[PDB]
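K.L.:
For the record, the sequence lines run as chains dY, di, df, dz, d1 and d7.
Residues 272 to 338, numbered by the authors' numbering, are exactly what the first sequence covers, in order.
Residues 7 to 171, numbered by the authors' numbering, are exactly what the second sequence covers, in order.
Residues 7 to 118, numbered by the authors' numbering, are exactly what the third sequence covers, in order.
Residues 8 to 37, 40 to 61, numbered by the authors' numbering, are exactly what the fourth sequence covers, in order.
Residues 14 to 61, numbered by the authors' numbering, are exactly what the fifth sequence covers, in order.
Residues 4 to 166, numbered by the authors' numbering, are exactly what the sixth sequence covers, in order.
Just so you know, even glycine gets a beta-carbon here, dropped at the ideal spot from N, CA and C.
Before we start, here is the structure in question, set down as structure tokens.
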Amino acid sequence: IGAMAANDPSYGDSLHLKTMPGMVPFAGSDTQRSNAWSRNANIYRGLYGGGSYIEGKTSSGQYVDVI
Amino acid sequence: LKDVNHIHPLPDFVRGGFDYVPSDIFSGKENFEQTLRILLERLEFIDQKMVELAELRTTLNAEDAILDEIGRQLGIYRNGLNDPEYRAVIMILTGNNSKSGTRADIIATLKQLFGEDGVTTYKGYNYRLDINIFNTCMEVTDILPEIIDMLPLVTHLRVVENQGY
Amino acid sequence: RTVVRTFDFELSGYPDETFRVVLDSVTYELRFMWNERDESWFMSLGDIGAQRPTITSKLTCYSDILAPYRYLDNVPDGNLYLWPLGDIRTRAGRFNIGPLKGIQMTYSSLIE
Amino acid sequence: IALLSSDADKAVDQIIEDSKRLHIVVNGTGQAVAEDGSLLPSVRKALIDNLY
Amino acid sequence: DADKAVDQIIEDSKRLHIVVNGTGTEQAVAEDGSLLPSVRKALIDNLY
Amino acid sequence: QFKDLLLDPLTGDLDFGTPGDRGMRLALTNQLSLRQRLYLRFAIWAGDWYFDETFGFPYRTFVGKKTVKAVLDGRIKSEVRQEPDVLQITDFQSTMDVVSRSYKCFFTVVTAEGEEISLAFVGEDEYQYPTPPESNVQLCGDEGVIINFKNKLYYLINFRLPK
């Protein structure tokens, strides 16, 4: 919530790669991440030289910024 | 909050440097990692031995093979002493250089050789002094010559040793 | 051995400072290098334009740096010390060296 | 006097890891790693991979 | 009072010794009263 | 990080502290220092402090005269940015009432927080010099080496038996 609140909805700001303080990286392997992706269960991932969110996909399937 | 002595093995030396792989480009390739790990881990051994080269040269932990070198610089030769007590004599003679042979002072030096309650000292009217030993951990005859040195020029001394009170 | 304070130093904290100073009417060049693992300053002293420094030593508080080196024609005969202005337990740091930063690096010259 | 113990720990710890490996192997679930890096399957796992 | 620790160490060593060398089967007894199996007892499982 | 004597935000006198810890305090956090630096800067009328004729705010220009609200806000908003450690000004609600002829504005200022560079001048030290040994421990060993081994043996005997 801390990453979306102070941001007007009209800008269409995606939540793809934003960094969330407080969260811890997801340690599952590549196969596990692919499984969770099919579930529409987003994961916070420690990226190349950093860590960031992955995708704002809701349970239905549509990207969050659209909603 | 922090130790003043900075000479310590570098914590987690191996994982460092690997942190300098730019963007995980090679990570998970199991061919470059082994080549890098094999080279870096060699420095681990050298890095570790850098400490003992300094740690082990201190008089507290110096082994007899090199403790002789420390004693040689100070003029205290091994003679027939063995390692456990050769360390003691080195400490005793060195400590003598800032002493005055007072009753309180004498107790302090004997304190390092017999624990807290292992020694007591009686005093006499005509220069008589007595030393009592309760918990000796080393043979005393070879240490005796020094025990005379840190006493006034005119002391009259008796030495008695026993186990316990 | 009467001695009088005659010079003070300051460091900007740059890890490879190098500058020229004049002491006892003679001129010398100084180099200061910062050590990461040992968090201490390394000082090198030598003549102007010399190929190699004459003296290299590690800086510490209340220790006579020049003590073992007053037997060379190109080494000052004075006294070089580092002592703190604040709490006595503070040890030399990177940015805390100077007339008011906490540590007073000073040179004093004997009276002749 | 008995401070030879300064050598005992290098064995006491080692037997601790050995007991740990024993426990995981015997009471494991459908593994263990030796100092050589090779794997030892637990009984409840070894019962699966054998020839039937 | 290190004699107290030396005491417990003395019989802990013996318990460990019997456990390691517990013939084919020995049942070492701990201070809690539970029962510890020799190595060769623990090896019945493979012994089939 | 500008240090200075702490001023009580509630009364304006020096913050001598609570009755249980009465004393004197220095402004350490950048927030507290900046608060009083703005308070004094706004409270002293321009030219009224001797030894510095250029310090203060010129209230006499506006008070008692027919003035435009927009001009006043610019000057109010400008004096704030004279401090070198002000990041920005968030909001500004300037309102004026004509019946009572009063003017009252609201706004907030954002400032970061820095490090202490050196603790030499403040209180404590961060090092952990060692402690000399006691009695004949150094020359003959230590008993703790026995106690720790005994405890390890006891805990290992505890581990193996299932519980």
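Could you check what DSSP says for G126 (chain d7) in three-state terms: helix, strand or coil?
P.N.:
Reading the sixth sequence from its first residue, position 123 is the one you call residue 126 (chain d7). Three-state result, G126 (chain d7): coil.
K.L.:
Quick one: list the residues of chain dz neighbouring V140 (chain d7), beta-carbon separation under 7 Å, in chain order.
P.N.:
Along the sixth sequence, one-based indexing puts residue 140 (chain d7) at 137. The contacting residues do not exist; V140 (chain d7) stays about 11 Å from chain dz at best.
K.L.:
Under 9 Å Cβ-Cβ, which residues of chain di neighbour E129 (chain d7)?
P.N.:
Here residue 129 (chain d7) corresponds to residue number 126 of the sixth sequence, with the count starting at 1. Within 9 Å Cβ-Cβ: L7, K8.
K.L.:
Distance cutoff 8 Å, beta carbons only. Does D25 (chain d1) sit that close to anything in chain dz?
P.N.:
In the fifth sequence, counting from the first residue as 1, residue 25 (chain d1) sits at position 12. So, not an interface residue.
K.L.:
Which residue marks the beginning of the beta strand (DSSP E) containing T302 (chain dY), and which one marks its end?
P.N.:
Along the first sequence, one-based indexing puts residue 302 (chain dY) at 31. Premise fails: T302 (chain dY) lies in the alpha helix (DSSP H), 301-309, not in any beta strand (DSSP E).
K.L.:
Mind pulling the chain d7 residues with CB within less than 7 Å of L49 (chain dz)?
P.N.:
Reading the fourth sequence from its first residue, position 40 is the one you call residue 49 (chain dz). Correct list: empty, because the minimum Cβ distance to chain d7 is about 19 Å.
K.L.:
I'd like to know if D20 (chain d1) contacts chain dz, where contact means its C-beta is closer than 8 Å to some C-beta of that chain.
P.N.:
Taking the first residue of the fifth sequence as position 1, residue 20 (chain d1) is located at position 7. No - not a single Cβ of chain dz is within 8 Å of the one on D20 (chain d1).
K.L.:
Would you call the CB atoms of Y334 (chain dY) and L288 (chain dY) closer than 8 Å?
P.N.:
Locating residue 334 (chain dY) in the first sequence gives position 63, where the first residue counts as 1. Locating residue 288 (chain dY) in the first sequence gives position 17, where the first residue counts as 1. Result no, Cβ atoms of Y334 (chain dY) and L288 (chain dY) do not sit closer than 8 Å.
K.L.:
In chain order, what residues of the same chain have a beta carbon less than 7 Å from the beta carbon of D111 (chain di), not counting five sequence neighbours either side?
P.N.:
Taking the second sequence and counting its residues from 1, one reaches residue 111 (chain di) at position 105. Residues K105 of the same chain have their beta carbon placed closer than 7 Å to that of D111 (chain di), with the five preceding and five following residues left out of the count.
K.L.:
How many angstroms separate the CA atom of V101 (chain d7) from the CA atom of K72 (chain d7)?
P.N.:
Here residue 101 (chain d7) corresponds to residue number 98 of the sixth sequence, with the count starting at 1. Here residue 72 (chain d7) corresponds to residue number 69 of the sixth sequence, with the count starting at 1. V101 (chain d7) and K72 (chain d7) have their C-alpha atoms roughly 11 Å apart.
K.L.:
Measure from the C-beta of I47 (chain d7) to each C-beta in chain df and report whether the shortest distance is under 8 Å.
P.N.:
As a first step, residue 47 (chain d7) must be located in the sixth sequence, where it is residue number 44. So, not an interface residue.
K.L.:
Give me the subset of the region 76-107 of chain df whose CB atoms are less than 7 Å from a CB atom of chain d7, sorted by chain position.
P.N.:
Listed by position along the chain: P90, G92, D93, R95, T96, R97, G99, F101, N102, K107.
K.L.:
Whole angstroms is fine: what's the gap from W47 (chain df)'s alpha carbon to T64 (chain d7)'s?
P.N.:
Reading the third sequence from its first residue, position 41 is the one you call residue 47 (chain df). Reading the sixth sequence from its first residue, position 61 is the one you call residue 64 (chain d7). Rounded to whole angstroms, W47 (chain df) to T64 (chain d7) spans 57 Å at the Cα level.
K.L.:
Using the Cβ count rule (16 or more neighbours within 10 Å means buried), how would you classify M56 (chain di)?
P.N.:
On the second sequence, position 50 is the one that residue 56 (chain di) refers to. Under the 10 Å beta carbon count, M56 (chain di) is surrounded by fewer than 16 other beta carbons and is classified as exposed.
K.L.:
Is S26 (chain dz) near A41 (chain dz), with beta carbons less than 8 Å apart?
P.N.:
The residue you call residue 26 (chain dz) lines up with position 19 of the fourth sequence. The residue you call residue 41 (chain dz) lines up with position 32 of the fourth sequence. No, the Cβ-Cβ distance between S26 (chain dz) and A41 (chain dz) is not below 8 Å.
K.L.:
Short check: CB of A115 (chain d7) to CB of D93 (chain df), under 8 Å?
P.N.:
Position 112 of the sixth sequence holds residue 115 (chain d7). Position 87 of the third sequence holds residue 93 (chain df). No, Cβ-Cβ distance for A115 (chain d7) and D93 (chain df) is not below 8 Å.
K.L.:
Which same chain residues end up closer than 8 Å to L48 (chain dz) when comparing Cβ atoms and leaving out the 5 residues on each side of it in sequence?
P.N.:
Mapped onto the fourth sequence, residue 48 (chain dz) falls at position 39. For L48 (chain dz), where only same-chain residues beyond five positions count, the Cβ hits under 8 Å are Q40, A41, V42.
K.L.:
Take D70 (chain di) and list the residues in its own chain whose beta-carbon comes closer than 6 Å to its own, dropping the five residues that flank it on each side.
P.N.:
As a position in the second sequence, residue 70 (chain di) is number 64, starting the count at 1. Excluding sequence neighbours, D70 (chain di) sits near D89.
K.L.:
Is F13 (chain df) closer than 8 Å to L36 (chain df) when the C-beta atoms are compared?
P.N.:
Taking the first residue of the third sequence as position 1, residue 36 (chain df) is located at position 30. Taking the first residue of the third sequence as position 1, residue 13 (chain df) is located at position 7. The answer is no: Cβ separation not under 8 Å.
K.L.:
Quick one: any contact between the region 54-65 of chain df and the region 75-89 of chain df, if contact means 3 or more CB pairs under 8 Å?
P.N.:
yes
K.L.:
With hydrogens ignored, establish whether the beta-carbon of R44 (chain d7) is closer than 7 Å to any heavy atom of the ligand NAP.
P.N.:
Of the ligands one can find in the structure shown there are none, so the ligand NAP has no counterpart to examine.
K.L.:
Do the region 12-26 of chain di and the region 45-53 of chain di make contact, defined as three or more Cβ pairs closer than 8 Å?
P.N.:
yes
K.L.:
Please tell me whether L135 (chain di) and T142 (chain di) are closer than 8 Å, where the distance is taken between their beta carbons.
P.N.:
Taking the first residue of the second sequence as position 1, residue 135 (chain di) is located at position 129. Taking the first residue of the second sequence as position 1, residue 142 (chain di) is located at position 136. Not in contact: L135 (chain di) and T142 (chain di) (Cβ atoms no closer than 8 Å).
K.L.:
When you compare only the Cα positions, how much space is there between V27 (chain df) and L51 (chain df)?
P.N.:
In the third sequence, counting from the first residue as 1, residue 27 (chain df) sits at position 21. In the third sequence, counting from the first residue as 1, residue 51 (chain df) sits at position 45. Those two C-alpha atoms are separated by around 11 Å.
K.L.:
Need the endpoints of the beta strand (DSSP E) that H162 (chain di) sits in, please.
P.N.:
One-based indexing of the second sequence puts residue 162 (chain di) at position 156. Segment 162-167, the beta strand (DSSP E) holding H162 (chain di).
K.L.:
Taking only beta-carbon atoms, is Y319 (chain dY) less than 8 Å away from chain di?
P.N.:
Taking the first residue of the first sequence as 1, we reach residue 319 (chain dY) at position 48. True, the Cβ-Cβ gap to chain di drops below 8 Å.
K.L.:
To the nearest angstrom, how far is it from the Cα of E56 (chain d7) to the Cα of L86 (chain df)?
P.N.:
Within the sixth sequence, numbered from 1, the residue matching residue 56 (chain d7) stands at position 53. Within the third sequence, numbered from 1, the residue matching residue 86 (chain df) stands at position 80. Rounded to the nearest angstrom, the two C-alpha atoms are 46 Å apart.
K.L.:
Give the interface partners of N34 (chain d1) over in chain dz, defined as CB-CB distance under 7 Å, in chain order.
P.N.:
The residue labelled residue 34 (chain d1) in the question sits at position 21 within the fifth sequence. The contacting residues do not exist; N34 (chain d1) stays about 14 Å from chain dz at best.
K.L.:
Taking the runs of the beta strand (DSSP E) that are 3 residues or longer, which of them lie wholly in the region 68-110 of chain d7?
P.N.:
91-99
K.L.:
Check whether chain df comes within 8 Å of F124 (chain d7), counting only Cβ atoms and requiring the distance to be less than that.
P.N.:
Counted from its first residue, the sixth sequence places residue 124 (chain d7) at position 121. Yes, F124 (chain d7) lies at the interface with chain df (some Cβ there is under 8 Å from its Cβ).
K.L.:
Which word fits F24 (chain di), buried or exposed, when buried means at least 16 other C-beta atoms lie within 10 angstroms of its C-beta?
P.N.:
As a first step, residue 24 (chain di) is located in the second sequence; it is residue number 18 there, counting from the start. When all chains shown are included, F24 (chain di) counts as exposed.
K.L.:
Verify the CB distance criterion: does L11 (chain dz) have a CB-CB separation below 8 Å to chain d7?
P.N.:
Stepping through the fourth sequence from its first residue, residue 11 (chain dz) is reached at position 4. Residue-level contact check: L11 (chain dz) does not touch chain d7, since none of the beta carbons of chain d7 fall below 8 Å from its beta carbon.
K.L.:
For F120 (chain di), which residues of its own chain have a beta-carbon under 8 Å away from its beta-carbon, when the five flanking residues on both sides are left out?
P.N.:
Sequence index remark: in the second sequence, residue 120 (chain di) carries index 114 (1-based). Within the same chain, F120 (chain di) has close Cβ partners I139, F140, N141, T142, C143.
K.L.:
With 8 Å as the threshold, decide whether the Cβ of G147 (chain d7) is near any Cβ in chain dz.
P.N.:
As a position in the sixth sequence, residue 147 (chain d7) is number 144, starting the count at 1. No, no contact with chain dz.
K.L.:
Assuming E16 (chain df) and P82 (chain df) form a contact by the criterion Cβ under 8 Å, report the distance between their Cβ atoms to the nearest whole angstrom.
P.N.:
Here residue 16 (chain df) refers to the residue found at position 10 of the third sequence. Here residue 82 (chain df) refers to the residue found at position 76 of the third sequence. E16 (chain df) to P82 (chain df), Cβ: 18 Å. No contact.
K.L.:
If you follow the alpha helix (DSSP H) that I31 (chain dz) is part of, which residue opens it and which one closes it?
P.N.:
For the purposes of this step, residue 31 (chain dz) is taken as residue 24 along the fourth sequence, with counting starting at 1. Its alpha helix (DSSP H) spans residues 16-34.
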